[PDB]
Amino acid sequence: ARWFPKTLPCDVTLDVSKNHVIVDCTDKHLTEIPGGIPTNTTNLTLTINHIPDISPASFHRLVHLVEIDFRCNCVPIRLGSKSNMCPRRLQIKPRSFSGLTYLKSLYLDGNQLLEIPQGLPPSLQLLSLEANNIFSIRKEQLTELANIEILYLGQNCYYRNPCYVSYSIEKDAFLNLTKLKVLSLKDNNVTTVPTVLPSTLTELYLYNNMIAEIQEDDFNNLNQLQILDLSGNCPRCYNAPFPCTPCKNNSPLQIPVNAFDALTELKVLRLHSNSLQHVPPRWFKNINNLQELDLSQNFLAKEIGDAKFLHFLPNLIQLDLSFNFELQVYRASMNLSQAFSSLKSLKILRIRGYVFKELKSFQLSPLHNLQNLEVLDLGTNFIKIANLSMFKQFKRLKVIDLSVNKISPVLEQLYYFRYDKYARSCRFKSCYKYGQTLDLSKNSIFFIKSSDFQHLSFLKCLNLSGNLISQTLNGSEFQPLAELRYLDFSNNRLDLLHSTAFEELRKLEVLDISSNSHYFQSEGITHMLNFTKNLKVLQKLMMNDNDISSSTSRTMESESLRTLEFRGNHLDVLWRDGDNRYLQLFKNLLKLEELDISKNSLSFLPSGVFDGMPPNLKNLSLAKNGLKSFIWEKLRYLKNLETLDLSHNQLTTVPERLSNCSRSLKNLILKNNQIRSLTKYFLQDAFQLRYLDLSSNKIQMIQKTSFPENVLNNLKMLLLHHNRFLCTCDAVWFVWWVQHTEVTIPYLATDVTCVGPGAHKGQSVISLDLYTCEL
Amino acid sequence: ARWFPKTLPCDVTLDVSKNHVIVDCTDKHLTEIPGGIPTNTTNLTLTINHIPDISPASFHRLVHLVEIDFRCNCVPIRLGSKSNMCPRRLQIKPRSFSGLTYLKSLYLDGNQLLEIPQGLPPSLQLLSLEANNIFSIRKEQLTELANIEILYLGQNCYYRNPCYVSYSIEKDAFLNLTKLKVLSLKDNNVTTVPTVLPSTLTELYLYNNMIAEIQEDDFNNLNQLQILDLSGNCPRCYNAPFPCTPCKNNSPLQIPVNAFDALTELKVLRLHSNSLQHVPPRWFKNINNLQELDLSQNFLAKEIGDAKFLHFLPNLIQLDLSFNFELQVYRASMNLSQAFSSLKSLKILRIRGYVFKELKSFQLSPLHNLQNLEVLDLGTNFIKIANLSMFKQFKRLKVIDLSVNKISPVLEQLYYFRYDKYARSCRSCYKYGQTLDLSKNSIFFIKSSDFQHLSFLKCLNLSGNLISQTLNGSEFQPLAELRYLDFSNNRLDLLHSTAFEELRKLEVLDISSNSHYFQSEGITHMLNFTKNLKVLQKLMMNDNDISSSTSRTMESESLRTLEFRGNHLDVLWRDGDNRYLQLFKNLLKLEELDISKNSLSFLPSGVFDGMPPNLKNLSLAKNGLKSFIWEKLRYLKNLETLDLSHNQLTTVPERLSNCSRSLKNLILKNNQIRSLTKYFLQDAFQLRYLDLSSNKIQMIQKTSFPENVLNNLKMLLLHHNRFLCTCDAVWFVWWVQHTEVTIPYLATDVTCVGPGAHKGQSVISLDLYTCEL
RNA sequence: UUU
RNA sequence: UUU
Ligand SMILES: *[C@@H]1O[C@H](CO)[C@@H](O[C@@H]2O[C@H](CO)[C@@H](O)[C@H](O)[C@H]2NC(C)=O)[C@H](O)[C@H]1NC(C)=O
Ligand SMILES: *[C@@H]1O[C@H](CO)[C@@H](O[C@@H]2O[C@H](CO)[C@@H](O)[C@H](O)[C@H]2NC(C)=O)[C@H](O)[C@H]1NC(C)=O
Ligand SMILES: *[C@@H]1O[C@H](CO)[C@@H](O[C@@H]2O[C@H](CO)[C@@H](O)[C@H](O)[C@H]2NC(C)=O)[C@H](O)[C@H]1NC(C)=O
Ligand SMILES: *[C@@H]1O[C@H](CO)[C@@H](O[C@@H]2O[C@H](CO)[C@@H](O)[C@H](O)[C@H]2NC(C)=O)[C@H](O)[C@H]1NC(C)=O
Ligand SMILES: CCCCc1nc2c(N)nc3ccccc3c2n1Cc1ccc(CN)cc1
Ligand SMILES: CCCCc1nc2c(N)nc3ccccc3c2n1Cc1ccc(CN)cc1
Ligand SMILES: *[C@@H]1O[C@H](CO)[C@@H](O)[C@H](O)[C@H]1NC(C)=O
Ligand SMILES: *[C@@H]1O[C@H](CO)[C@@H](O)[C@H](O)[C@H]1NC(C)=O
Ligand SMILES: *[C@@H]1O[C@H](CO)[C@@H](O)[C@H](O)[C@H]1NC(C)=O
Ligand SMILES: *[C@@H]1O[C@H](CO)[C@@H](O)[C@H](O)[C@H]1NC(C)=O
Ligand SMILES: *[C@@H]1O[C@H](CO)[C@@H](O)[C@H](O)[C@H]1NC(C)=O
Ligand SMILES: *[C@@H]1O[C@H](CO)[C@@H](O)[C@H](O)[C@H]1NC(C)=O
Ligand SMILES: *[C@@H]1O[C@H](CO)[C@@H](O)[C@H](O)[C@H]1NC(C)=O
Ligand SMILES: *[C@@H]1O[C@H](CO)[C@@H](O)[C@H](O)[C@H]1NC(C)=O
Ligand SMILES: *[C@@H]1O[C@H](CO)[C@@H](O)[C@H](O)[C@H]1NC(C)=O
Ligand SMILES: *[C@@H]1O[C@H](CO)[C@@H](O)[C@H](O)[C@H]1NC(C)=O
Ligand SMILES: *[C@@H]1O[C@H](CO)[C@@H](O)[C@H](O)[C@H]1NC(C)=O
């Protein structure tokens, strides 16, 4: 169905709305630009390869190029692979880009360049040079960039990519870049704000540098600046997980009180880790539009209790004051200045790492009439004592986060302590939705009783993950929580002695009791797995990693439940050959459509398992079980089966006729097994099949009988990579069909390969010429 | 160095003291008895194969055979592999054993036999027929067994191997077995004690059957009986993890009060899971030598508060009353009858699953004057309250076990609830002194008074509690002699470098799986807490997710072993950050360092220079290591064991001798090595152990493997590679066939992958003469 | 393989 | 592959 097989090792896409032909050669172990890139190419990506040089030949025919992504073909030593270090910085020969009349975006990050590449066409709007070795900027090397709007020069001189000197920027080096909008000089060992900058700037990134002082006029002309980041100059180095050098004498970054006077358009101001001890109100007198203010990682503990500057910020949306605690101090309470009430627009308040023993209702009173407050983050504070009922005055909030505290009656794990949380990689460029959420995860709650939740009926999601609850819930513990839709109870020590546990949460839709294995690990203890009958609107139950190998009740019942995750348990033990008592454990989950019973050590399936399955099972995972055998005919019992996941097992054969096993099956995942061949008529008349993963097996040959083309043409996707294909003349049909087929087959260029015979070993099947079989 | 390669796929062993030549063919995927078993063979094992038949041809020349272990060549359907089911029962042809004049032991278990094999020689002392399909015993089928002493017939009729009828034993079927000592009829659907049995019996196993009544005759003549097991007749089925059928009318196994009168030599009596409600003293009036008594899994909760029968048991060493609780009852306290004080000889007391809210010292007073008491096991009792000081009155005990309770201010994982805890297969801090096991309880806070009056303790087990606390050295102050603290599976907060420093005698410290506070960014951790522990020998901090440390070094003058598995040294040693490259350098006496499973995909230079000077044993396993600068091994001048298993290395050093002149054990299994350097092991004379298994090696020439090195090796592992058995392989194949060196799995997995002709063929069996024409 |  |  194709007259010309595609052999280029890059994904090619056409977006003819925007007249884009996109050629993505990311990470193809290329040592040369591949030949035969389409002449109409507009966006070309060659990131993560080992192409040692660029020359006028590189893009000779590619005159329609709009974007070139040529990053990380020689990344600096400490930043790159220690198994394939780059031997020499990329070589860019003269003329290499001058002919690209339409070039608008050029990425040359991560190539060990020593200088700003010259000869760039005047069409260029974006130039990216992060993670090179360019640490002296001269006006003359920037003349060629007259039309530039976006310029990235960071990560060229810092601990992971050292240049061993101060960064150097000539006076007015950027002044004649009259269109420059975005200037990034982060992570560069800069010692002063370079001046004068063009008044067109909207975004300026100077963070993680060696700037000790702002001159009063450094930002004088930037009346268009919208984002200003000066973080990490005079860092707060306590507990930094990167080499960190503070300013002398615990000095803060010094900022004159009038330094921001011209920035009338400023929306974002980041002063993270600048060792600030005061926030003078004078700073914000001519900025009335500020929306986001990051003041995390300073020494503003006392200032939080005063904080006159908040009065000048009626429009502020986000305020971050996290990690301002004074060293070695465990305050008794949280002193929030009354000035907080002046933050009429405030949506998000974050004060992690204030460090205080006891939170009491009045202490939040400055916040009671902030009408737009949606998120209040008091995590990592070592709070020991908290009357949860105080949040009855915060029913309007979307998320109350008390995660990681010591209480006892979404940002990344590494966030406040990252070096550069906005760093770009070489590759590219949750229950909140249910309503009001009270996150008490990773605290020290060992016992709960119903009064702990008095006045919180409004809650829709409660997160108790990772506490120390080691209790036999009987339905009395959660009684105020009349609207709760989601309880995360994972990583506790639930003792399911009573089948009435959780029954008071009459509106519960999702229950996570995963990783509550403790009491399931000791023999002879009663466990009531039929606690589900009482939850009349429960949709989804997660019981992963509970090590369940025994159950006092023999069936689980639900009229509502649609999804059960039962991964990481011991159904091999409950279904021990000879023991029939648990073969209908899920049969009475009458509405169940999704069942994950992966990772249950099921090396075989006892007969009666499939008969025991509830009648509407659609999506069944048996992955990661060490299944050594499988009676495909037993799928006939599963009359609604659409998705069968058998990946990461030990199967050696597929059914003789998959259609004779299941008339409903649409998605068959067989990846990571031991299959060495397909049955003669494997997919004959399997009209419902849409998705088939045979990758990571040991298949040597595939004949046309196994793969009838009326079936192949219905497949959305057919995965065949990482097998042991034998490219002899017996493979002529398969090699021809792979080369000419419309069916989507991932990794044809990278991982659909001959293992032999010798002559063809390691060769891609897509590129195989078998004319010697037709002489 | 040997003139005739061994080709037999069995380990052959000589014990010339006992004139035994031992031939072990266990699990070699054999479908026939291999040819060429040494003719002098005495012990021959063929367990776990698929030999379909035995015939006179089987052991024709092997007339010196004393033992034949021919088990599990046709396991019953539900007991065996469901991926390789046995299609037809083992076929034993006539004569097959009559000529084995010296045969003393015959194991034919797990072969689906329907009848007792006949024609067995008169020399036979031991016959084993477990897990077959023989469920009717007839006196005439037992004549041939006149000299038999040990006879195993169990597991021929039970839930995993059903026979669908009652077991059948004819009257006096065993009476003429005049030397028979051991009789096992367990797990057999037996309905009555077979009678009459020979008085020569020492051991009788009738457990897990359908025996509802003991007749008073039943044990009348067995005055040499030493062990009697009647457990699992009328089982207590509550929470049984197997199909369990109780006797009707909630009846117990009924035993007349004089049933044991003749058992004067009885040392062991097992009545586990017989649904007993009373233990009549009269049972034990003529047995005063009973040592071991198991009464677990009955309904003896109230009887424990009475227990007159104990007065008749002055010689008893072990007493088990575990899991006798009444269903749905949570007693307030433990009512131990004073009769326990009459158990003068008792060393081991076990009372799990009594189930009571609060333990107070008074309840243990009946035990105060049992001078030999060594073990008191009160685990799985859901105790909420216990003043630990009550055990000041028990300093004599070796182990006090409160494991799995709800306290708050080694037997198998499955033991009391196993079907047959003694079934045959086909194929810890106690030593430190007095141990208090509080593992798997609900302790969330500790303070020094919790251990008042317990200074005598040598090992404290707090594993798996809920301790989420910033220890400063004040918490364990009474425990002045403690040598072993297990603190694993808690939530330790290492804020203070003075944690544990009060345990002045601590030699072993496990703080593994205390990851909680290590997973949250920006929290202070003092990994230098070791400086204060002056006699600490072994420190375990596995699986803590450690990726940050406020202190830059760990200091110890005593520590010899550090386990640091399952952490993030990859973060601490991020390229560019030099701060933690001497984290372990000042552990000056450290000999063993486990830093496997630390995501070390590379090692920053300086890691090796940072190692303490006396490092002997280093594990870098399971790190995803893609590269390794072998030359930096020169810094490790005392290195004896290097574990690099389960990584992604593709090469070995050009000269291992130029990398380490001390290295003795190099473990490289499960990597990506596809060839060896030209002179790999040249002059590596001290090397004793080399594991290259599970790699992709195609060829090995003699330059890489000089014979002056290879023959000094205790063991050399090469299995599961990609050997290409062409004429270029002639040296390697010849040497593998003729070497004295131990190479495991030569019979099963030292294989040619090609060329085609020789694909799948073992190199040990390889003929390469066409290379010498 | 810019974190 | 007798648990
Ligand atoms: C192809 O290249 C063009 C230009 O480099 C990309 O267009 C930019 O897309 C971003 C996405 O937010 C816009 O903000 C810019 O304004 C666009 N710039 C120009 C000059 O058009 C386009 O996204 C690229 N497409 C692909 C698929 O790579
Ligand atoms: C940032 O610049 C400083 C100086 O401005 C560099 O510091 C010098 O480094 C050399 C070589 O390491 C030393 O011999 C000098 O003593 C240092 N001078 C000072 C004043 O500290 C520093 O190396 C640069 N940082 C990076 C990452 O390149
Ligand atoms: C070889 O076979 C003999 C007999 O089958 C084994 O000897 C028995 O070992 C037990 C162990 O205590 C003794 O109680 C028996 O009395 C021995 N039988 C005798 C002496 O006839 C011997 O252990 C076997 N050895 C091996 C390695 O299989
Ligand atoms: C133990 O023996 C009993 C008989 O006492 C067997 O039970 C019989 O089983 C068949 C088939 O299942 C039934 O038709 C009979 O009615 C049963 N008889 C009785 C009295 O219940 C039982 O199967 C045997 N157990 C094993 C494991 O073989
Ligand atoms: C050996 C114990 C098997 C039965 C059992 N299972 C549990 C369990 N999972 N949690 C408990 C928690 C507290 C007290 C008793 C039990 C208990 N118990 C004992 C018990 C169960 C039920 C009752 C009646 N409330 C009293 C006592
Ligand atoms: C963002 C906090 C980093 C420093 C830190 N680390 C810890 C820690 N591991 N545990 C604590 C436990 C209680 C109170 C404070 C801390 C604490 N703290 C704060 C703190 C530490 C020590 C002291 C003096 N006891 C007061 C306050
Ligand atoms: C809070 O701190 C401020 C300044 O640090 C102080 O003026 C104020 O009185 C304090 N208030 C309370 C309630 O502690
Ligand atoms: C918590 O505060 C509520 C009022 O919001 C009150 O009803 C309750 O008594 C308080 N509980 C405790 C333990 O102080
Ligand atoms: C609850 O918190 C844990 C840990 O903080 C987090 O992993 C989990 O995703 C949260 N649960 C929900 C439902 O968002
Ligand atoms: C459930 O637990 C609560 C608190 O322990 C108790 O008041 C109640 O009696 C228990 N039993 C029930 C609700 O049946
Ligand atoms: C749960 O099931 C078991 C028997 O299968 C029984 O012990 C218990 O009464 C049942 N309880 C409920 C609420 O279904
Ligand atoms: C099937 O279930 C898995 C989760 O177990 C999910 O990731 C997958 O998308 C599901 N597919 C369909 C078609 O429901
Ligand atoms: C399988 O095929 C046979 C013969 O074609 C047919 O009789 C039988 O009904 C089929 N079974 C199913 C479930 O399609
Ligand atoms: C402490 O108890 C745990 C769990 O009960 C056990 O695994 C561990 O081996 C014990 N510690 C020692 C040192 O024996
Ligand atoms: C250690 O901490 C405990 C915990 O409360 C405290 O009672 C004690 O004063 C502290 N001791 C020292 C020596 O710091
Ligand atoms: C551990 O190191 C810190 C410095 O990081 C120091 O303050 C503390 O005193 C040290 N403690 C010991 C016992 O060495
Ligand atoms: C080396 O250490 C491992 C544990 O990390 C141990 O199991 C092994 O026996 C040690 N070998 C020697 C010779 O000390």
Side-chain angles (χ1 to χ4, degrees), chain A residues 26-27 29 47-50 71-86 107-112 128-133 152-156 158 160-161 184 186-187 241-242 414-415 418-429 573 576-578 603-604 628, chain B residues 26-27 29 47-50 71-86 107-112 128-133 152-156 158 160-161 184 186-187 241-242 413-415 417-427 571 574-576 601-602 626:
Chain A
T26 298
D27 191 24
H29 307 97
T47 322
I48 313 176
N49 287 296
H50 306 89
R71 296 137 64 220
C72 309
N73 268 243
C74 187
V75 357
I77 318 85
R78 300 158 139 89
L79 300 173
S81 173
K82 256 62 63 170
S83 35
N84 188 14
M85 286 171 262
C86 178
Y107 297 80
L108 284 166
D109 321 71
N111 293 305
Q112 282 181 206
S128 209
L129 296 162
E130 306 191 330
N132 281 298
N133 303 309
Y152 295 117
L153 299 142
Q155 292 175 245
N156 277 252
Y158 71 115
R160 303 258 293 157
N161 183 31
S184 181
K186 59 170 192 178
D187 318 332
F242 48 84
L414 194 69
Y415 185 88
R418 277 193 58 179
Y419 174 74
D420 181 359
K421 84 183 138 199
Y422 303 113
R424 207 198 280 162
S425 80
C426 282
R427 198 151 201 108
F428 312 106
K429 289 123 58 155
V573 182
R576 273 259 277 171
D577 210 354
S603 61
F604 71 98
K628 297 183 191 249
Chain B
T26 300
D27 192 23
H29 307 98
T47 325
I48 313 175
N49 287 293
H50 307 94
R71 299 139 66 219
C72 307
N73 270 246
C74 190
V75 183
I77 175 62
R78 298 163 209 204
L79 300 171
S81 174
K82 255 63 63 171
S83 34
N84 188 14
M85 287 171 263
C86 176
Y107 297 81
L108 283 162
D109 318 73
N111 291 303
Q112 282 184 37
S128 212
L129 296 163
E130 305 190 329
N132 282 298
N133 304 309
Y152 295 116
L153 301 144
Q155 287 174 245
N156 277 248
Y158 70 118
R160 303 257 293 155
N161 182 26
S184 186
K186 61 173 188 181
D187 306 330
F242 44 86
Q413 79 280 1
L414 196 69
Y415 184 84
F417 283 78
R418 285 194 55 178
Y419 173 72
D420 181 356
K421 150 217 312 170
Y422 301 109
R424 204 195 281 162
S425 81
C426 280
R427 206 148 205 121
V571 183
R574 268 184 109 249
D575 210 353
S601 60
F602 75 103
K626 298 183 298 191

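Chain A is the first sequence line, chain B the second, and so forth, proteins listed ahead of strands; every chain is numbered from 1. The analysis underlying the following values was restricted to heavy atoms, covering all of them including side chains, and did not include hydrogens, waters or symmetry mates.
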Applying salt bridge (charged side-chain N to carboxylate O under 4.0 Å, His left out), name anything that partners B:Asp187, two or more places apart in sequence or on another chain.
none
Start and end of chain A contact along RNA chain C [non-hydrogen atoms, under 4.0 Å]
C:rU1 to C:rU3
When we call it a touch if two heavy atoms are under 4.0 Å apart, what does B:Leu79 touch: a base, just sugar-phosphate, or nothing?
sugar-phosphate
Listed partners of B:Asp575 passing side-chain contact (heavy atoms from CB on, under 4.5 Å), at least two apart
A:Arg78, A:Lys82, A:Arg160, B:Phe602
Check: A:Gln155 and A:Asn161 side chains under 4.5 Å, non-hydrogen atoms:
no
Using the test salt bridge (charged side-chain N to carboxylate O under 4.0 Å, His left out), find all partners of B:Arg424 that sit at least two apart in sequence or belong to another chain.
B:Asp109, B:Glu130
Among all residues two or more places apart in sequence or in another chain, which pass the side-chain hydrogen bond (donor to acceptor under 3.5 Å, both in side chains) test with A:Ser81?
A:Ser83
By the 4.0 Å heavy-atom rule, please label B:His29 as base, sugar-phosphate, or nothing.
nothing
Would you classify B:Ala423 as touching base, sugar-phosphate or nothing, given that sugar-phosphate means primed atoms plus P, OP1 and OP2, and contacts are heavy atoms under 4.0 Å?
sugar-phosphate
For B:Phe417, check ring pair (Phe, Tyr, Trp, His ring centres under 6.0 Å) against everything at least two apart and list the hits.
B:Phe323
Please work out if B:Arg427 contacts a base, only the sugar-phosphate, or nothing of the nucleic acid, heavy-atom cut-off 4.0 Å.
nothing
By the 4.0 Å heavy-atom rule, please label A:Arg427 as base, sugar-phosphate, or nothing.
nothing
Sugar-phosphate only, base, or nothing, as touched by A:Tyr158 at under 4.0 Å among non-hydrogen atoms:
sugar-phosphate
For B:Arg574, answer base if it contacts any base atom (sugar-phosphate contacts may also be present), sugar-phosphate if it contacts only those atoms, and nothing otherwise; contact means non-hydrogen atoms under 4.0 Å.
sugar-phosphate
Answer with base, sugar-phosphate or nothing: what part of the nucleic acid does B:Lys186 contact at a heavy-atom distance below 4.0 Å?
nothing
